[PDB]
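Heads up, the chain below is alone and in the form deposited in one PDB entry; it's given as structure tokens.
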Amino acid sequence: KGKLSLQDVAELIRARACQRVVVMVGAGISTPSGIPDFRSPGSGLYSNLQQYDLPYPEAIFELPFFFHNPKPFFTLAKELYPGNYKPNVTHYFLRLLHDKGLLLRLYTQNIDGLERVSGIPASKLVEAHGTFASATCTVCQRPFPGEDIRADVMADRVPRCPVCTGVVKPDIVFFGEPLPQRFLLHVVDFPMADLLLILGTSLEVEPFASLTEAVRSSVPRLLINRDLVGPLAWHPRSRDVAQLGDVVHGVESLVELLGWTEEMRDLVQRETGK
């Protein structure tokens, strides 16, 4: 009756009364891995134009600039490719969610690929701005596993298509391109969620803002974020919970209440040594 607590949410999960969890994540879950929000003054990608050799921030994700000069994007790709950054506690909690059979889907706006890296299968992921895990020839649409262009990427060579010699581009969604097809999984995923989890994003921008409303009235929505802002603050529901502040502290708090602290350490353990 009245406000749910974080404890109540944990008890719902402990009781497997919630076992079809839909997760939405953004830039705020990966800052502890060493990746700042691209918009952060000083340390963000968009304020480091010089280092990438960029004329203006958005050019790195523009098709006509990329055709003119693919090297700045490939510098980012070399940095973001799997094996450079480490997933953190927040990623491993989502992994444990999966391992216990509770994760329906993880929707990510990130391109660091750290969800994949943490061991969550691709079928469980909706990578809404694309991924470095695959690549597509810009000329003939031939697909490549990301591992196929890795040597070229590491050696600062622009990878080329064996069929048409066109430039092969990692499957990152560029400006004006369509969202990936897998995003339409949202039509079935959201009516079916029995719990909505939102980590390190405020979900302020469409099309993600509207998804927060797409879960049923009775579904609890748990925000773990530095602040209560965005759609969840704009339109509170009786079963909403906010755990504000540091996301890693928020997650560790929930892990504690769930009784998973040790399983979490055993996981964060073997995985960090890989």
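Note that residue numbering begins at 1 and tracks the sequence as displayed. Each form is matched to the other, and the largest set of C-alpha atoms that superpose within 1.5 Å is called the rigid core.
Below, we turn to the form deposited with a partner chain bound, even though it does not appear here.
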Although the partner chain is absent from this view, report whether residue 85 comes within 4.5 Å of it in the entry with it bound, heavy atoms only. no
Is residue 179 one of the residues lying within 4.5 Å of the partner chain in the entry with it bound, judged by heavy atom distances? yes
Whether residue 154 contacts the partner chain in the entry with it bound should be assessed with a 4.5 Å heavy atom distance threshold; does it? no
Would residue 122 sit within 4.5 Å of the partner chain in the entry with it bound, counting heavy atoms only? no
Quick check for you: of 77 to 85, 113 to 121, 199 to 207, 91 to 99, which stretch puts a non-hydrogen atom within 4.5 Å of the partner chain in the entry with it bound? 199 to 207
Core aligned, which of 101, 191, 178, 162 has the Cα that shifts 2 angstroms or more between this form and the one not shown? 162
Please state whether residue 219 has a C-alpha shift of 2 Å or more between this form and the one not shown, with the rigid core used for the fit. no
Taking the rigid core as the superposition reference, indicate whether the CA of residue 33 shifts 2 angstroms or more between this form and the one not shown. no
Does residue 58 count as moved between this form and the one not shown, where moved means a C-alpha shift of 2 angstroms or more after fitting the rigid core? yes
